[PDB]
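Heads up, the chain below is alone and in the form solved without this ligand; it's given as structure tokens.
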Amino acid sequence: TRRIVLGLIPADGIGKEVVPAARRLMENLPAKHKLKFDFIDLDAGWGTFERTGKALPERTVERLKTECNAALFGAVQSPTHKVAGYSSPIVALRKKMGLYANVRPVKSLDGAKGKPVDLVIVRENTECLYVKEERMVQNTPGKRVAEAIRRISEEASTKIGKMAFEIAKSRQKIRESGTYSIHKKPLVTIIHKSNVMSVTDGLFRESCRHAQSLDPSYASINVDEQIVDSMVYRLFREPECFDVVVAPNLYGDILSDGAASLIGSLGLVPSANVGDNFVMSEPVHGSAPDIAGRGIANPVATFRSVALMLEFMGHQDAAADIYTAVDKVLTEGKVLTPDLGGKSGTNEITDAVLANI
């Protein structure tokens, strides 16, 4: 019997609707999972900034650090321009909680419209150009020159490589348990652009390759290397070729987006932010102001993110059962939200997932 203290950070828009749905899923897990939750309600996001002048209250971070074992983030309504006193609360949370990996599974449902795909993008989420170190080096009018630093470190790159191997191993354990897969063998694909960035991407590649040596249980996992541009080209036409894909920050950002495009509705696509002592689940869709409040938001991405978080926390069984219950609802196609072409609401689809659980 394990208890998880989960920080709920619904934040903005449909985040306020899908997080309550996920709370209800978690409250109703079957007894065989031996998993109970305590929830703590936390404030963050654009609304928090409008009401208080801080997107990420200090109290939110402190409560996550001192009280919580994990967290679920909804969505932020990001402004389209720079706003004084505002910085992204998700970006800040990840930094503060030490969540160096951004993990996005892209997995089509058997029988769905669309190109079959079953991959995970493992994006290093601390460095590259996202160190945000820039200077206007020449300031003569009409002739300005700006520079930015792209930083790649061995320690950060080794960590992300090691996590890619962990995920590859975890997926192979699932196949061996009897779950059907389009992959016969596990594969980690290291993404780079060494023809241009010989030193920085050279170090990224070395670090990821060397990560395989960190656990002898990784040795049998196949490893290959691919140029980012080639990956983008291949995702459109043969995305079934990829299993686990590990990438530095900018390449991983772009690849996670290209891969997610293969799924009809973004309301289906999950993610998690992972560190050594903490995991924060997060659906990939944004705050959807266009439908917020209307009771129709698709909570499937959030359910699948909670499941992914549970996989990282050593609750493989509970995660598998969430995926099975969700997949059964979608395959039957009787209770579907409007983004999937149906006429059901958030609560109704939650009810159907719960009935299968």
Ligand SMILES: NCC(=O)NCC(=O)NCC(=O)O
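For every residue, the number given is its place in the sequence shown, counted from 1.
If you look for the form deposited with this ligand bound, you will not find it shown, but the lines that follow are about it.
**Q** Exactly one stretch in 152-160, 139-147, 89-97, 233-241 has heavy atoms within 4.5 Å of this ligand in the entry with it bound; which is it?
**A** Comparing against this ligand in the entry with it bound, the contact stretch is 89-97.
**Q** Report the residue, out of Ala71, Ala75, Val106, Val246, that has at least one non-hydrogen atom within 4.5 angstroms of this ligand in the entry with it bound.
**A** That would be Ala75.
**Q** Would you mind picking the one in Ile190, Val284, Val228, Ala211 that has a heavy atom within 4.5 Å of this ligand in the entry with it bound?
**A** Of the candidates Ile190, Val284, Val228, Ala211, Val284 is the one lying within 4.5 Å of this ligand in the entry with it bound.
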